[PDB]
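Peer 1: piece number one of the complex, untouched:
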Amino acid sequence: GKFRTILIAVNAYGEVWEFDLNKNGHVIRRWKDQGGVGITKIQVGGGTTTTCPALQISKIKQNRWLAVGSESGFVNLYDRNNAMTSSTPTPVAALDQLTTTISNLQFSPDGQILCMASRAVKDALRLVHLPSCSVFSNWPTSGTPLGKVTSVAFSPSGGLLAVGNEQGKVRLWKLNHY
Amino acid sequence: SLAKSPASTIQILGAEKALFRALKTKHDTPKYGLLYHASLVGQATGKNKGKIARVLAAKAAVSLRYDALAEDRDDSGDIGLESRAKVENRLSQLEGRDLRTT
Amino acid sequence: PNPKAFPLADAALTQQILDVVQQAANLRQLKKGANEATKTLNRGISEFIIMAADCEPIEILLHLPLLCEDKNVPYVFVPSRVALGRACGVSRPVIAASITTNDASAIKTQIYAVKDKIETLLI
Amino acid sequence: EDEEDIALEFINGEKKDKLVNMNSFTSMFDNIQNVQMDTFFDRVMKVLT
Amino acid sequence: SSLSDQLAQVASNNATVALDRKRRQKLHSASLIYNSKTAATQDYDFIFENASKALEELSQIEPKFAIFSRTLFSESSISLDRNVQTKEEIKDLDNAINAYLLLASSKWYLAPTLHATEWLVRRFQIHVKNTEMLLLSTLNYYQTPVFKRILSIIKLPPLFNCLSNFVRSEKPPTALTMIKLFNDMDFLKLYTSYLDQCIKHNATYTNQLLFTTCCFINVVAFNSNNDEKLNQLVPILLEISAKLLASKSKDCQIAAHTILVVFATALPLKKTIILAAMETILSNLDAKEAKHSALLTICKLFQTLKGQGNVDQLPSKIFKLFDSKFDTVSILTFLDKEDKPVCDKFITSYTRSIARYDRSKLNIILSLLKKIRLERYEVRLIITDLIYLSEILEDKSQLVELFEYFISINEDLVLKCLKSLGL
């Protein structure tokens, strides 16, 4: 019957602050992301979060992955179970498939896929299998109607993925594993 | 002075006559230099001789900057050993790469 | 990190330096890698010289402060080659880079402000 | 506790494993001249894990 | 079809007979040592002189060439013409030459073998009449000038088209091209037939076996993309792994372990298939180095299994044979090794098998759990099996020690399993 919530905030230099909100704003810890020259998005995933959210207090879990996507296209990716113990950690991986500014990160409700998607150019979405930290190779293909991806939303239950672009046309896919 | 010079100069260093004649005449510059008689350039074959001369010159400049400017020098040459490992791997891969059709 | 890497820029100065390195990359006024940096020093066209203080071994860019000193060009050490390579905007680690001289750019005021800060730090 | 939390225990317990990709074994052909088979097995396992 | 095509087949039928002096000069001019001029000059008495001398040397080095001294290296074999005998005698002559090539495959860094096979080449015309076994036997030497000479002589078969590009050039054929040659499928059927014959005649060696396991690993790596090409690569490579494991040599057993580990980390295989491979490994496991390699590959197969029923108990006969080949001190040394290769799923299945079957080595179980950091679902399954065994079997102090250890480390999971079953 008790949890406690933590706020993570990332500077443009790569310095990461972690406050807790139950007792008042008091910095639990600080650390630094490796590389990360201009960091534009951070996301946590693999447990419960503000996208695949909890439905009763007993169903709150602790997140495992923490992905940090920067302006150059690079997405560092951390395991929390080692990062919280190492206190200036080394990433599990550093993905570099995309080349423009990372403007969307979205974990699965489970945390097995990481969807990283830019905004500055067409056809700029890649899915990543975790903990392998490896980009899926057969989707999207060169004839996938993605557009300039500005919104990505995973479904909590049915295994859908919804992508919305600049032309104003969202588009559904269903993952057949789930 | 040899450590202060960059890597492309260490590649070119021997063939200065043909270098400056080609520069002032707007022709193609020589590619080997004095590094032709090193063993790796002696094992490569043609365009691989050019590419291995470039890679070996880069690694030689790395080693030179280490040795001329080391304060606690091991005098066992592990930097040179690893640069030779990288150059040997690069050369064997570039020889395994084939031009013709199979 | 490495005590032979003497002028080691802090968080605010390194943030200013990596911002001006990003602007210089997108203007294409930036020569990357230690050999091209040494070439810029020999030609005499560098505004200033950025190095990475965690290259192992450190001597392969320790050759550069001597020419920078003898030709009166500012140099500084930012603390990560990975972050420096991402600032210069290439998919590798880059241990040294140089902002080159052209007095008609649209980033000249930023380059001169950072260059003055580096001059103060070396002084 | 729930059966979904059992499944989440399975998923979160699963650890990473390095995949094989189309150019991961060429150094074997390089240094396979006069090595012994135990050393070759150790080299293959070190590339895998 | 066309007249030039039917005549082409007629020519390749009569490819070897010397119907005229010009064809005779060409056919007798192709040679392994001597060049064109001297090879067209000399004669069968000269070649046979060198052959008998070199075969005396080869029989002195390795004593199995006496039978070829009886049959393929006799004066009646100077006299007999291959192109005149009937098909039955042709077949027996081909068996003799194939057996010789299997024996003298492992000795090709030697002027004696070069001279003996010079006599075979320039009397029995192996280099056009049966070149398949010639190339397969001397395929592992592929940088060497002997292979360069063999290539410059041979008219290449259908399957060796990459070498048909590399024939009569200056550089050796490269490793990527050998990867092409093995990456065809009918070639792999042919080569696994060759190795099965080679094992059944019991003449393998470390260089050739290294070469063939390296080409097999590179074939699997090149076809890592296609789930379908891997799925049709399965029966060939796992049949040759079965025969290579049924062999007696520790070298063959380690090479089969290498093929097995790479193919099972490239393709997520069925549970029964993995357990059958483990059963053959343990059923023929004899030597010590092969024992080390077999433990490593069994851990790797049980780990790369990822699915349903992932971590269940080892069955009866498999657990019996596994303990008989690896008693507990060996696996405990493997676990307190400092390299620490990951083996948690195999360990968990091992402890569940001990808990159901043996019901004695529970202190050994405690030492295993003290040396290994298991995962959460594995700890849950071990605890559930121990709860069932405590409720069925009579309570014992070693079981009390195990539960005390759990309550020391991770008591609330034990509370959760008791809440699932009990008070």
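Peer 2: Perfect, thanks for sending it. Numbers count the residues shown, from 1 in each chain, chains lettered A, B, ... in the order given.

Peer 1: Three-state assignment for residue C:22, please.
Peer 2: Of the three states, residue C:22 takes helix according to DSSP: H, G, I helix; E, B strand; the rest coil.

Peer 1: next up, the contacts around the nearest residue to it once chain neighbours are set aside.
Peer 2: Take residue C:22 and drop its neighbours on the chain: the residue closest to it by Cβ to Cβ, 6 or more residues apart in numbering or on different chains is residue C:87, 5.3 Å away. For every residue, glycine as well, the C-beta is placed using N, CA and C. Contact analysis of residue C:87 by Cβ atoms under 8 Å, 6 or more residues apart in numbering or on different chains lists A:37, A:38, A:72, C:18, C:21, C:22, C:25.

Peer 1: how many residues are close by residue 38?
Peer 2: In the absence of a named chain, chain A is used. Using other Cβ atoms under 10 Å in any protein chain shown, the number of residues around residue A:38 comes to 20.

Peer 1: hm, I was asking about chain D
Peer 2: 15.

Peer 1: near chain E, anything from whichever strand or helix holds it?
Peer 2: Assignment of secondary structure by DSSP states H and E places residue D:38 within helix D:37-48. Yes: Helix D:37-48 reaches chain E (Cβ under 8 Å from any Cβ of the partner chain) through D:37, D:38, D:40, D:41, D:44, D:45, D:48.

Peer 1: I'd like the distance between the residue lying closest to the second one once chain neighbours are set aside and chain C.
Peer 2: By that I understand residue D:38. Residue nearest to residue D:38 in three dimensions, not counting chain neighbours: residue E:289, with 5.3 Å by Cβ to Cβ, 6+ apart. Look at residue E:289 and chain C: by Cβ to the nearest Cβ, to the nearest Å, they are 38 Å apart.

Peer 1: ramachandran coordinates for the residue nearest to residue C:22?
Peer 2: For residue C:87, the backbone dihedrals (degrees, to the nearest 10) come out as phi -60, psi -50.

Peer 1: could you measure from it over to residue A:88?
Peer 2: Going from residue C:87 to residue A:88 by Cβ to Cβ, to the nearest Å gives 20 Å.

Peer 1: leaving out sequence neighbours, find the closest residue to the residue in the stretch 251-400 of chain E positioned nearest to chain A.
Peer 2: Here the residue of the stretch 251-400 of chain E nearest chain A is residue E:306; by Cβ to the nearest Cβ that distance is 11.4 Å. Sequence neighbours aside, residue E:268 is the residue nearest to residue E:306 in space, at 6.6 Å (criterion: Cβ to Cβ, 6+ apart).

Peer 1: let's put chain F on the structure above:
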Amino acid sequence: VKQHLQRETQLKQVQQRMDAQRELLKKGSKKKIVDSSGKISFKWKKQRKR
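Peer 2: Putting chain F onto the chains we already have gives this:
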């Protein structure tokens, strides 16, 4: 000496214009900006080259 200096300055400016034209040849997404003084410059799209 003054003539030496003037010749070297003229050559430096020539090489700068030549290097700009060389940069307009490789790759990337250039944008042809005109400075409202009337002078042409180029600006590349922010995208990490590989």
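
Peer 1: the contacts of residue C:87 again, this time with chain F added?
Peer 2: Residue C:87 neighbours (Cβ under 8 Å, 6+ apart): A:37, A:38, A:72, C:18, C:21, C:22, C:25.

Peer 1: what is the burial count for residue E:280?
Peer 2: Residue E:280: 15 surrounding residues under other Cβ under 10 Å.

Peer 1: just the closest residue of the stretch 251-400 of chain E to chain F, please.
Peer 2: Taking Cβ to the nearest Cβ, the stretch 251-400 of chain E has residue E:266 as its residue nearest chain F, at 28.1 Å.

Peer 1: which residues does that residue contact?
Peer 2: Applying Cβ under 8 Å, 6+ apart, we find residue E:266 in contact with D:20, E:220, E:221, E:224, E:230.

Peer 1: can you name the residues of chain B sitting close to chain D?
Peer 2: So far as Cβ under 8 Å from any Cβ goes, chain B lies against chain D at B:89, B:92, B:93, B:96.

Peer 1: now do the SS call for the third one.
Peer 2: I take that to be residue B:93. Using three-state DSSP, the secondary structure recorded for residue B:93 is helix.

Peer 1: ok, residue A:162 next?
Peer 2: strand.

Peer 1: not counting its neighbours along the chain, what's nearest it?
Peer 2: residue A:153 (4.6 Å).

Peer 1: chain F: helices as residue ranges?
Peer 2: Secondary structure of chain F by DSSP state H: the helices cover F:2-23.

Peer 1: counting by contacts, list what whichever helix or strand residue E:317 is part of packs against.
Peer 2: Per DSSP H and E, residue E:317 falls inside helix E:316-325. When contacts are defined as 3 or more Cβ pairs under 8 Å, 6 or more residues apart in numbering or on different chains; DSSP states H and E, helix E:316-325 packs onto helix E:271-284.

Peer 1: show residues contacting the helix it packs on.
Peer 2: E:238, E:241-242, E:245-246, E:253, E:257, E:260, E:264, E:294, E:297-298, E:301-302, E:305, E:307, E:309, E:315, E:318, E:321-322, E:325.

Peer 1: 6 Å instead, please
Peer 2: With contacts defined as Cβ atoms under 6 Å, 6 or more residues apart in numbering or on different chains, helix E:271-284 is touched by E:245, E:294, E:298, E:301, E:305, E:318, E:321, E:322, E:325.

Peer 1: which residues are in contact with the fifth one?
Peer 2: Neighbour list for residue E:305: residue E:274 [criterion: Cβ under 6 Å, 6+ apart].

Peer 1: same check, this time on the last one
Peer 2: Counting by Cβ under 6 Å, 6+ apart, residue E:325 touches E:282, E:285.

Peer 1: and then chain G:
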Amino acid sequence: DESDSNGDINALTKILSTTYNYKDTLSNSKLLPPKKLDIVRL
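Peer 2: Chain G, in position alongside the others:
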């Protein structure tokens, strides 16, 4: 010649002779397969 009439060494050959699909699909693991995505458009 042929007439069909301790763990053995013919187990792998017998298993390969029985089955025709090797890469298992009836796992249904609640894991996700790497490098090959099963996705449909909607």
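
Peer 1: since we added chain G, can you redo the contacts of helix E:271-284?
Peer 2: Residues contacting helix E:271-284 (Cβ under 6 Å, 6+ apart): E:245, E:294, E:298, E:301, E:305, E:318, E:321-322, E:325, G:7, G:9, G:11-12, G:15.

Peer 1: then stretch E:211-221?
Peer 2: D:20, D:22, D:24-25, D:28-29, D:32, E:140, E:179, E:182-183, E:255, E:258-259, E:262-263, E:266.

Peer 1: quick one, which of those are buried?
Peer 2: Among the contacts of stretch E:211-221, those classed as buried by 16 or more other Cβ atoms under 10 Å in any protein chain shown are D:20, D:24-25, D:28-29, D:32, E:140, E:179, E:182-183, E:255, E:258-259, E:262-263, E:266.

Peer 1: residue 33: neighbouring residues, count only.
Peer 2: Picking chain A for this. If we define neighbours as other Cβ under 10 Å, then residue A:33 has 23 of them.

Peer 1: the intended chain is chain D.
Peer 2: 9.

Peer 1: please enumerate the strands of chain A.
Peer 2: Secondary structure of chain A (DSSP state E): strands located at A:6-10, A:15-20, A:26-32, A:39-45, A:65-70, A:75-79, A:93-95, A:102-107, A:113-118, A:125-129, A:134-135, A:151-154, A:160-164, A:171-175.

Peer 1: flag every residue of chain A that's near chain D.
Peer 2: Along chain A, the residues adjacent to chain D under the rule Cβ under 6 Å from any Cβ of the partner chain are A:110, A:131, A:132.

Peer 1: now intersect the residues you listed with the helices, please.
Peer 2: Per DSSP H, the subset of the residues of chain A next to chain D in helices is empty.

Peer 1: name the residues of whatever helix or strand residue B:52 lives in that are buried.
Peer 2: Using DSSP H and E, residue B:52 falls within helix B:47-68. Neighbour-count burial for helix B:47-68 flags B:48-49, B:51-53, B:55-67 (criterion: 16+ other Cβ under 10 Å).

Peer 1: check stretch E:215-231 too.
Peer 2: For stretch E:215-231, burial by neighbour count (16+ other Cβ under 10 Å) applies to E:215, E:216, E:217, E:218, E:219, E:220, E:221, E:222, E:223, E:224, E:230.

Peer 1: and these, which two are furthest apart?
Peer 2: Greatest spatial distance in those: E:215 and E:230, 16.0 Å, computed using Cβ to Cβ.

Peer 1: the helix holding residue D:38 packs against which elements?
Peer 2: In terms of contacts (3 or more Cβ pairs under 6 Å, 6 or more residues apart in numbering or on different chains; DSSP states H and E), helix D:37-48 is packed against helix E:250-266.
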